[PDB]
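Peer 1: I have a structure here, written as structure tokens, and I will follow up with some questions on it.
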Amino acid sequence: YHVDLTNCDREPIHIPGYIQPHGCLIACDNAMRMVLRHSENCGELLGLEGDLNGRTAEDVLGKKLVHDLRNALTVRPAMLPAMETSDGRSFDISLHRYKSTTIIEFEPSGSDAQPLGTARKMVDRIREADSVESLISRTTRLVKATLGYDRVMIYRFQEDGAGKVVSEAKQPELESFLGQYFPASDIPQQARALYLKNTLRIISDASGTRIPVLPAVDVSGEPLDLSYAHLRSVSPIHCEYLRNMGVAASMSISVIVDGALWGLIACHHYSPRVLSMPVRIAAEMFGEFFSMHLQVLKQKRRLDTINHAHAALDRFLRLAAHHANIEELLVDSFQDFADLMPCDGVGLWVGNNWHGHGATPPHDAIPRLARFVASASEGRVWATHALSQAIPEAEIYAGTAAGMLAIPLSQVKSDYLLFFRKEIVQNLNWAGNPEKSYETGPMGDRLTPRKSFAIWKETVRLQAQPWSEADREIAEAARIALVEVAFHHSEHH
Amino acid sequence: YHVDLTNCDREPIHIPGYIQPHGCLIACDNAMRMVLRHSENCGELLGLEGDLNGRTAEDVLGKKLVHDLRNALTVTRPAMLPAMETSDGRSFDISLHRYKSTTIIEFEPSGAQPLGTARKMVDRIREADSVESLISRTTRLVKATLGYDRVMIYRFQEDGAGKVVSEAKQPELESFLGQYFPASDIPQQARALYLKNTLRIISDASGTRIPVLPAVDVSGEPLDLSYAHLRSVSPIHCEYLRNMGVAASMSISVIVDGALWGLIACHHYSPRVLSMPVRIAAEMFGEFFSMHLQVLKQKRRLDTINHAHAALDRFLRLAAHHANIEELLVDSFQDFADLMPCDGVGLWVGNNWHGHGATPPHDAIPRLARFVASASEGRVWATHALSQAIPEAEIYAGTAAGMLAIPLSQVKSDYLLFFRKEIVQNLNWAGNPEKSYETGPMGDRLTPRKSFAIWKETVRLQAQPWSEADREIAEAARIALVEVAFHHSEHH
Ligand SMILES: *C/C=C1/C(=C/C2=NC(=C\c3[nH]c(/C=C4/NC(=O)C(C=C)=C4C)c(C)c3CCC(=O)O)/C(CCC(=O)O)=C2C)NC(=O)[C@H]1C
Ligand SMILES: *C/C=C1/C(=C/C2=NC(=C\c3[nH]c(/C=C4/NC(=O)C(C=C)=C4C)c(C)c3CCC(=O)O)/C(CCC(=O)O)=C2C)NC(=O)[C@H]1C
């Protein structure tokens, strides 16, 4: 098997048959009696002799260590820093069970503070963040300062799966990717699945030598599943991508919001680098708190936007009761509805007359739009972020208005309060350098940030920022309020 | 102050001037240089001699201990320090805080780790996927783990009264499950302290109170013991516990929206106090309980609101195919009882009554409708005390004590009405009415029997209050019905 751009979307990266050289790996049977597999560098690091497969775990590791590892197993992978081996030495061991196999991963110990102490220091620096913007800004600076990586970013996954760089702390000499996007294909489903499963993903050396697991394919033809093994080797594609950037190493912290991958906190370094296990425990704890605090802020934000909308629509209902002419009130008031949700324009289409405000289509194109919604909707809110896919003629004005949300004012007449958004590329706040070129490998320019961003621009060409579930809930509240205004008007007139 | 039944609602329980005998207390100045106050038992427990006041902290505690405590004081809640050294080779569990201008140090003799015990308890409640399940697990779990004779959970009602919503007890004890106590049984100052402190400890309800020397200092100021866990108990509550047979207790406060949702109350029928490490764990457990309770409450609310929308959305689609909207409502009104908790429901349209479940008789509906027309401003009107608004409603208060009214029109006085029974009719009380209690000098007021009777009087002729969630559902329904009438006007 030879990974390339044709088949890399289905690469079995969970069973590479190699590990990274910053530790060694031993795979035992389910009960941890027999050594079934081992990495080739086990002899170097653990100071072991000849061939490990066939020997008992007690023989290889000692009675005392096996006893202790069986205890941690009984009580995600179990993280055991500063374990004492048979010789006069200390090792950071991680331990888990998946499929039938028990995988044991080893790292030379160092001198580290307690994980809980380090995590607690970090968490205390983001508790007082009272908005999502504040939290997202703090975290990249704080993580860079605590972990000591050259760049730290936060990606937020969009509705189509693309990633958006929403925060960045970098070395001053590096180029920026803040406000940049990458398309969904840059992270394949299998990689996303492992980001969802594992909190941390470590890469020590993008140009490092892959240490083989022996055997790669066992007596029965089965490969070793390394899904939860933190020493699992990296795809040649992503390694080439990192090399083209000049990145030698990385660590990701996954952000889990609704049991789903909201994004990543991505730490990159421009020379080989790995954190010790105790600092990785703390990073995992910090990631957990970051995700919870983000979720609280995100709800508070949502609740405040919905309540704002209700308060505005409530005020509008009371004003409207004192008006004999409802069409006139809307002609004067419609632009105030733009305040209810993010939009670049709003307009009123009543009795074949157009009144616009902000970035809208020209008045010639509105009849076509209103006619489409009349056929497409069943008398409730219709919305899209890709007008050209629905109405080919809309491509002409896509720069000014690529998306549309229509609120019906009547089930009899073809009247609408319309909301609009610009082409998403028009609202780019990219802080990067367009003259930054990139080195390439055998795969070519595909594996560079320049070409990734350009591919993303193509994926969203003639499209706007999608209408969120929150926006649609506000739209429904607005429709409902206007039905109420019309009915109370009918009652008294 | 000599507290009694006349004035116990305003008792300054934050400044009793005494502590409980299971530890000793030392009060220092703001910078922890000088000893200003000390409890009378400090000599016994700490092995010190003479009047401790006027001596330096360095003198009384030694140079090392003072240095270590000053470091802890830099680390907003009492610092808990288990297994601390005094240089006799004596271990003490020390709690430490600053409040007002006073540093308070509290000592207990020492005797597993907190994170391990809390961890085991939390794992036993993580998988609860309903408020009912969490509440039921927790009393059994806490009882088994902390070894108390009874564990209860109270949920505070909107009027301040507490309801016993869960219970784990010794089999020979009486049950208080499904019982209520009135707001007056926990005064505002006690509530404020329950909100401020996660744990409240009572080692001995018949134990002798150790005075704090001095109770009133040269300046005339008392010692504020609001965050001191050794703070002594009111004589009123001690008498209350003695009447029950309870000798000791530990409360864990449940905080939901920065507000006292309830307590996890542990009672014991002989003296009892948990060591500091176990109390740390209980505090950690209480924190998780509160968070997990909050997550389940939101899920429960979200599901009820979405259910209501799905029903109302279905009703809108069906109504589009009906030429007669009055007829549709006459056939469908009883289905609206599924939207929110209620004991009855009825339609009042064109001076015609159609009822279902526990409602007032048709005779009384004109009076009720007329009152809502005058009281409301065209939106949802609701009460849980009909007698207070309409005296004549006392006649049918047994059947219908609370009402929620949804206006169907601003021209006509038409309504969809929702009813609830007298709250005493829906009691599910598992206790024994034949269980009597002994009394002290204050009398039978300080007994569970009289408390429950007092609560019954406070809610007489009233129903379960209409919650903010019930009101949101009502507003969704009103709005839905307006849209039905409007779309009906459009095509007819
Ligand atoms: C056909 C397969 C491709 C592919 C596979 C993998 N990508 C993995 C990681 C990865 N890739 C990116 C993409 C980026 N796009 C950018 O524009 C950009 C910077 C400007 C980056 C860094 C990201 C963000 C990630 C993960 C997060 C991170 O490290 O920052 C990956 C997993 C690697 C692993 O095993 O750890 C695989 C496999 N990437 C492709 O582009 C295509 C062709
Ligand atoms: C005029 C003042 C009164 C008063 C004061 C205090 N009550 C405190 C605690 C307390 N009291 C109760 C009431 C109960 N009513 C019951 O029916 C009942 C059993 C079925 C009980 C236990 C409760 C629930 C509590 C909470 C503590 C616990 O559950 O153990 C209190 C604070 C004591 C302290 O310092 O810790 C004060 C002060 N209680 C009265 O009844 C009146 C008259």
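Chain labels A, B, ... are given in the sequence in which chains occur in the structure tokens; within each chain residues are numbered consecutively from 1, and ligands are likewise numbered from 1 in the order shown.
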So that I can see what lies close to residue B:346, please list as a ChimeraX atom specification the residues with an atom at most 7 Å from it, counting only C-alpha atoms and leaving out residues fewer than 4 positions away in the same chain.

Peer 2: /B:333,354-356,416-418

Peer 1: Create the file for the chosen residues now, containing N, CA, C and O atoms and written as an mmCIF file, in the first residue's frame.

Peer 2:
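Result file again_21.cif:
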```cif
data_model
loop_
_atom_site.group_PDB
_atom_site.id
_atom_site.type_symbol
_atom_site.label_atom_id
_atom_site.label_comp_id
_atom_site.auth_asym_id
_atom_site.auth_seq_id
_atom_site.Cartn_x
_atom_site.Cartn_y
_atom_site.Cartn_z
ATOM 1 N N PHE B 333 -59.640 20.548 23.025
ATOM 2 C CA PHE B 333 -59.129 21.317 24.181
ATOM 3 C C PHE B 333 -58.475 20.445 25.273
ATOM 4 O O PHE B 333 -57.452 20.832 25.829
ATOM 5 N N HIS B 354 -66.909 23.907 28.407
ATOM 6 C CA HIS B 354 -66.543 22.506 28.222
ATOM 7 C C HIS B 354 -65.344 22.207 29.103
ATOM 8 O O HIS B 354 -64.280 22.788 28.911
ATOM 9 N N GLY B 355 -65.529 21.315 30.076
ATOM 10 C CA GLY B 355 -64.503 21.005 31.081
ATOM 11 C C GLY B 355 -63.985 19.593 30.962
ATOM 12 O O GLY B 355 -64.626 18.747 30.361
ATOM 13 N N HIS B 356 -62.805 19.355 31.528
ATOM 14 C CA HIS B 356 -62.233 18.011 31.622
ATOM 15 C C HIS B 356 -61.318 17.912 32.855
ATOM 16 O O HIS B 356 -60.520 18.818 33.124
ATOM 17 N N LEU B 416 -58.954 29.557 27.086
ATOM 18 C CA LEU B 416 -58.572 28.185 27.415
ATOM 19 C C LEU B 416 -58.018 28.210 28.846
ATOM 20 O O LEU B 416 -57.011 28.871 29.100
ATOM 21 N N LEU B 417 -58.685 27.505 29.769
ATOM 22 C CA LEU B 417 -58.357 27.572 31.204
ATOM 23 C C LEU B 417 -57.740 26.274 31.726
ATOM 24 O O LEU B 417 -58.180 25.182 31.375
ATOM 25 N N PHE B 418 -56.734 26.421 32.585
ATOM 26 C CA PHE B 418 -56.005 25.302 33.174
ATOM 27 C C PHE B 418 -56.131 25.390 34.694
ATOM 28 O O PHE B 418 -56.040 26.487 35.264
#
```

Peer 1: Counting only C-alpha atoms, collect the residues of chain B whose closest atom lies at most 10 Å from chain A, and write them out as a compact mmCIF listing (two decimals) with C-alpha atoms, in the first residue's frame.

Peer 2:
```txt
# COMPACT_ATOMS: atom_id res chain seq x y z
CA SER B 409 -59.25 36.88 21.66
CA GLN B 410 -58.85 40.57 22.60
CA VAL B 411 -62.41 41.41 21.43
CA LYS B 412 -64.31 38.58 23.17
CA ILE B 479 -49.28 32.37 20.23
CA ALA B 480 -50.09 29.13 18.40
CA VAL B 482 -53.51 33.33 17.49
CA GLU B 483 -51.84 31.95 14.35
CA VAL B 484 -54.68 29.41 13.90
CA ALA B 485 -57.30 32.19 14.10
CA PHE B 486 -55.28 34.42 11.74
CA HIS B 487 -54.71 31.74 9.06
CA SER B 489 -59.28 34.64 8.73
CA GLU B 490 -56.92 34.63 5.72
CA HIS B 491 -58.76 31.81 3.86
```

Peer 1: Just the residues within 6 Å of stretch 267-277 of chain A, please, counting only C-alpha atoms, with nothing from its chain fewer than 2 positions along; format it as an MDAnalysis selection string.

Peer 2: chainID A and resid 149:152 204:205 246:251 279:280

Peer 1: Go ahead and write the selection's residues with N, CA, C and O atoms as an mmCIF file, in the first residue's frame.

Peer 2:
```
data_model
loop_
_atom_site.group_PDB
_atom_site.id
_atom_site.type_symbol
_atom_site.label_atom_id
_atom_site.label_comp_id
_atom_site.auth_asym_id
_atom_site.auth_seq_id
_atom_site.Cartn_x
_atom_site.Cartn_y
_atom_site.Cartn_z
ATOM 1 N N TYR A 149 5.544 26.350 22.927
ATOM 2 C CA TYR A 149 5.521 26.043 21.494
ATOM 3 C C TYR A 149 5.638 27.326 20.677
ATOM 4 O O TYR A 149 5.321 28.405 21.171
ATOM 5 N N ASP A 150 6.050 27.196 19.416
ATOM 6 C CA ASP A 150 6.398 28.351 18.587
ATOM 7 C C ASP A 150 5.126 29.056 18.129
ATOM 8 O O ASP A 150 5.065 30.285 18.098
ATOM 9 N N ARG A 151 4.115 28.259 17.778
ATOM 10 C CA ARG A 151 2.788 28.754 17.420
ATOM 11 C C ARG A 151 1.732 27.945 18.162
ATOM 12 O O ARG A 151 1.877 26.727 18.332
ATOM 13 N N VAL A 152 0.682 28.624 18.619
ATOM 14 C CA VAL A 152 -0.515 27.953 19.118
ATOM 15 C C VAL A 152 -1.750 28.587 18.484
ATOM 16 O O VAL A 152 -1.914 29.817 18.508
ATOM 17 N N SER A 204 6.189 14.122 17.604
ATOM 18 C CA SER A 204 7.514 14.541 18.090
ATOM 19 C C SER A 204 8.434 15.021 16.970
ATOM 20 O O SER A 204 9.232 15.939 17.166
ATOM 21 N N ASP A 205 8.334 14.388 15.806
ATOM 22 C CA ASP A 205 9.250 14.671 14.700
ATOM 23 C C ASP A 205 8.613 14.285 13.364
ATOM 24 O O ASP A 205 8.489 13.103 13.038
ATOM 25 N N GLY A 246 7.428 23.985 7.394
ATOM 26 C CA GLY A 246 8.601 24.142 8.255
ATOM 27 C C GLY A 246 8.349 23.682 9.681
ATOM 28 O O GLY A 246 9.211 23.837 10.536
ATOM 29 N N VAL A 247 7.170 23.111 9.930
ATOM 30 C CA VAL A 247 6.798 22.583 11.238
ATOM 31 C C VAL A 247 7.416 21.210 11.372
ATOM 32 O O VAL A 247 7.263 20.370 10.487
ATOM 33 N N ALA A 248 8.117 20.993 12.482
ATOM 34 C CA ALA A 248 8.741 19.703 12.776
ATOM 35 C C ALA A 248 7.926 18.879 13.777
ATOM 36 O O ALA A 248 7.989 17.655 13.756
ATOM 37 N N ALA A 249 7.171 19.542 14.649
ATOM 38 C CA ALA A 249 6.463 18.864 15.729
ATOM 39 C C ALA A 249 5.145 19.563 16.037
ATOM 40 O O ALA A 249 4.941 20.725 15.660
ATOM 41 N N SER A 250 4.255 18.849 16.722
ATOM 42 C CA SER A 250 2.963 19.413 17.126
ATOM 43 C C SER A 250 2.301 18.677 18.296
ATOM 44 O O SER A 250 2.651 17.537 18.607
ATOM 45 N N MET A 251 1.356 19.354 18.947
ATOM 46 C CA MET A 251 0.400 18.697 19.845
ATOM 47 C C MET A 251 -0.965 19.367 19.749
ATOM 48 O O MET A 251 -1.066 20.595 19.828
ATOM 49 N N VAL A 279 3.101 17.006 32.137
ATOM 50 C CA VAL A 279 2.607 18.245 31.495
ATOM 51 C C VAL A 279 1.461 17.928 30.500
ATOM 52 O O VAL A 279 0.554 18.749 30.299
ATOM 53 N N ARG A 280 1.510 16.747 29.884
ATOM 54 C CA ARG A 280 0.420 16.272 29.023
ATOM 55 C C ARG A 280 -0.871 15.945 29.812
ATOM 56 O O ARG A 280 -1.974 16.201 29.320
#
```

Peer 1: For the contact check between chain A and ligand 1, emit one row per residue of chain A within 7 Å, containing the shortest atom pair and the distance in Å rounded to one decimal, counting only C-alpha atoms and all ligand atoms, chain then rising number order, as a Markdown table.

Peer 2:
```
| residue | atom | partner | partner_atom_place_in_ligand_line | distance |
| --- | --- | --- | --- | --- |
| A:5 | CA | ligand 1 | 1 (C) | 5.4 |
| A:7 | CA | ligand 1 | 1 (C) | 6.9 |
| A:8 | CA | ligand 1 | 1 (C) | 3.9 |
| A:9 | CA | ligand 1 | 1 (C) | 4.6 |
| A:13 | CA | ligand 1 | 38 (C) | 6.8 |
| A:177 | CA | ligand 1 | 20 (C) | 6.1 |
| A:181 | CA | ligand 1 | 17 (O) | 6.7 |
| A:182 | CA | ligand 1 | 17 (O) | 4.5 |
| A:185 | CA | ligand 1 | 42 (C) | 5.9 |
| A:186 | CA | ligand 1 | 41 (O) | 3.6 |
| A:187 | CA | ligand 1 | 7 (N) | 4.3 |
| A:188 | CA | ligand 1 | 5 (C) | 5.7 |
| A:191 | CA | ligand 1 | 32 (C) | 5.3 |
| A:201 | CA | ligand 1 | 36 (O) | 6.1 |
| A:203 | CA | ligand 1 | 36 (O) | 6.7 |
| A:233 | CA | ligand 1 | 35 (O) | 6.9 |
| A:234 | CA | ligand 1 | 35 (O) | 4.4 |
| A:235 | CA | ligand 1 | 38 (C) | 5.3 |
| A:237 | CA | ligand 1 | 5 (C) | 6.0 |
| A:238 | CA | ligand 1 | 6 (C) | 4.9 |
| A:241 | CA | ligand 1 | 41 (O) | 6.9 |
| A:250 | CA | ligand 1 | 29 (O) | 6.4 |
| A:252 | CA | ligand 1 | 29 (O) | 6.3 |
| A:264 | CA | ligand 1 | 27 (C) | 6.8 |
| A:266 | CA | ligand 1 | 30 (O) | 4.8 |
| A:446 | CA | ligand 1 | 43 (C) | 6.7 |
| A:447 | CA | ligand 1 | 41 (O) | 5.5 |
| A:448 | CA | ligand 1 | 17 (O) | 6.8 |
| A:449 | CA | ligand 1 | 20 (C) | 4.2 |
| A:452 | CA | ligand 1 | 17 (O) | 5.0 |
| A:453 | CA | ligand 1 | 17 (O) | 6.1 |
```

Peer 1: List as a count of residues only the protein and nucleic acid residues lying within 7 Å of ligand 2, with only C-alpha atoms and all ligand atoms counted.

Peer 2: 33

Peer 1: Please identify all polymer residues within 7 Å of residue A:180, counting only C-alpha atoms, omitting same-chain residues fewer than 5 positions from it, and present them as a PyMOL selection string.

Peer 2: chain A and resi 164-165+430+453

Peer 1: Taking the DSSP secondary structure from the backbone, can you list the residues of stretch 277-469 of chain B that are alpha helix (DSSP H), as a PyMOL selection string?

Peer 2: chain B and resi 277-319+325-332+365-375+386-389+448-458+468-469

Peer 1: Run DSSP on the backbone of this structure and report the residues of stretch 257-325 of chain A it assigns to strand (DSSP E), as number ranges by chain.

Peer 2: A: 261-269

Peer 1: Go ahead and dump the residues you just picked, N, CA and C atoms, as a CSV table (one decimal), in the first residue's frame.

Peer 2:
```
chain,number,residue,atom,x,y,z
A,261,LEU,N,-16.8,17.2,18.0
A,261,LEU,CA,-15.5,17.9,17.8
A,261,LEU,C,-15.8,19.4,17.4
A,262,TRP,N,-15.8,20.3,18.3
A,262,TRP,CA,-16.0,21.7,18.1
A,262,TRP,C,-14.8,22.3,17.3
A,263,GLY,N,-13.6,21.9,17.7
A,263,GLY,CA,-12.4,22.4,17.2
A,263,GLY,C,-11.2,21.7,17.8
A,264,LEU,N,-10.0,22.3,17.6
A,264,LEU,CA,-8.8,21.9,18.2
A,264,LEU,C,-8.0,23.1,18.7
A,265,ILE,N,-7.2,22.9,19.7
A,265,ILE,CA,-6.1,23.8,20.1
A,265,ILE,C,-4.9,23.1,19.6
A,266,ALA,N,-4.3,23.7,18.5
A,266,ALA,CA,-3.2,23.1,17.8
A,266,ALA,C,-1.9,23.9,18.2
A,267,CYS,N,-0.9,23.1,18.8
A,267,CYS,CA,0.4,23.7,19.1
A,267,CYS,C,1.4,23.2,18.1
A,268,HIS,N,2.1,24.1,17.4
A,268,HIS,CA,3.1,23.7,16.4
A,268,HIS,C,4.5,24.2,16.8
A,269,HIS,N,5.5,23.4,16.5
A,269,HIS,CA,6.9,23.8,16.8
A,269,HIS,C,7.8,23.6,15.5
```
